[PDB]
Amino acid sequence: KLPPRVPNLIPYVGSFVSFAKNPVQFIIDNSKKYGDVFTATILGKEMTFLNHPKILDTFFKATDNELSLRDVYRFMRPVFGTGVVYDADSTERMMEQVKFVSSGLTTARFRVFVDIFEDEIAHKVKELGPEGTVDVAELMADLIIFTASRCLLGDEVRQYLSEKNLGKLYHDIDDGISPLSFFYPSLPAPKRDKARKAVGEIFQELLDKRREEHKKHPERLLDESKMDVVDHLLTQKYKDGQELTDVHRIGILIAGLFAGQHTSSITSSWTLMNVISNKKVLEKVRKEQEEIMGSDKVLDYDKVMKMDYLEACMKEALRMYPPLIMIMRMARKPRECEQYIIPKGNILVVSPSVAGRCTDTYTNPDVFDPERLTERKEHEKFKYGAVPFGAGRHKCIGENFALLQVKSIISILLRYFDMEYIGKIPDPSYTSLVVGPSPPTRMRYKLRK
């Protein structure tokens, strides 16, 4: 059989409307009507949703000529650049470029990354003063924007953030995209395209500076903890021998910073909100924090490794608010799920959000409650029963830096501040590509020494 279709409102538009209102309720809704697998027509596209953790093996283990990423995230191309990652000329090449990123995400570096978080948050505290209120979301994204850039690019980048408005340009790029672009890649976005060029020149300036610093200081290349992604990109070839071009290099740096920022900082936000808005949770985080700092006055990587509870909380926030609510592949060959045959051409879909709220796995799924993971080990039920970082051939290569980043930021913040949130925890806003908390998200903070 072909799977149970979802009745269209209109031909073509199909089921767009109730989907776009709320994509996640839409999938769940119709799960209950038509069970684990169903098809909906959404703006001229056949889209098949795979909803129960059981049947998601064939999805995550398929190959790039069975189930294709490149065919579905290619629209990211005005942002990332041409022939780069998902618009890169082959499966094999895409993977090679990904690795250049991940190759600046090593232990030696992660230790240097924690100084960076300290450093960046020290500056932020002056700019904030002994008390006030502030937006968590703006706050997370401001920090990460600085921490990620220094982490992946090097310290050289700072001055272009401080003296040359580099943050704004990111937004002008990162606002010039949309969940709609999926259906209409060619939609014009002239403010974005002018920024992506503006950022280009700057990254080209950055590579150009870096090339001579490898002349003036060649020892840099032996020290494994001053080797950032620019460095790896300047001294690797592809496996087949061929050099990279700067415009590939630039589109990778950019692809990594995008990855590097939006999912992280939404996750911080969701997390801190739930932590400080629940006294029992916040005791244990502070109990854990205090034991682990002991006599020590600032953070290090060992310490952050040890933060098991704060980590369960981050995870618990990812179960409830994964920022990538839909994972997608295009079928290049017909595919068999359950008793059905999902046709070639279709776009298969899996949703960490729906899974985060599937009641076989998780009990009272609407309650932030890190104990469900640490103690009732609920996530361990099914093998794909918890998927905020994907799984299989394309599982997130950023997972450990993410965790390092969110835990360092929250832990350092709680050192400095008593903080409390201001009203109900918001709902998720389905307006962006990386989903996040509806604004505003306000909190009172007061210093502590």
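Throughout, we count residues from 1 along the sequence that is shown.
Look at the C-alpha B-factors of 263-271 and of 327-335. On average they run higher in 327-335. Averaged over their C-alpha atoms, the temperature factors of 23-31 and 397-405 are higher for 23-31. Highest CA B-factor among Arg150, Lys306, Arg77, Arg211, as stated in the entry: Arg211. Going by the entry's values, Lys126 shows the largest Cα B-factor out of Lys315, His232, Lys284, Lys126. The deposited CA B-factor of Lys54 belongs to the highest third of values across its chain. Ranked by Cα temperature factor within the chain, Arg109 sits in the lowest third according to the deposited record. When all modelled residues of the chain are sorted by CA temperature factor, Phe382 is found within the highest third. Per the deposited record, the Cα B-factor of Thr63 falls in the middle third when ranked against the other modelled residues of its chain. Compared with the other modelled residues of the chain, the Cα B-factor recorded for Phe389 ranks in the lowest third.
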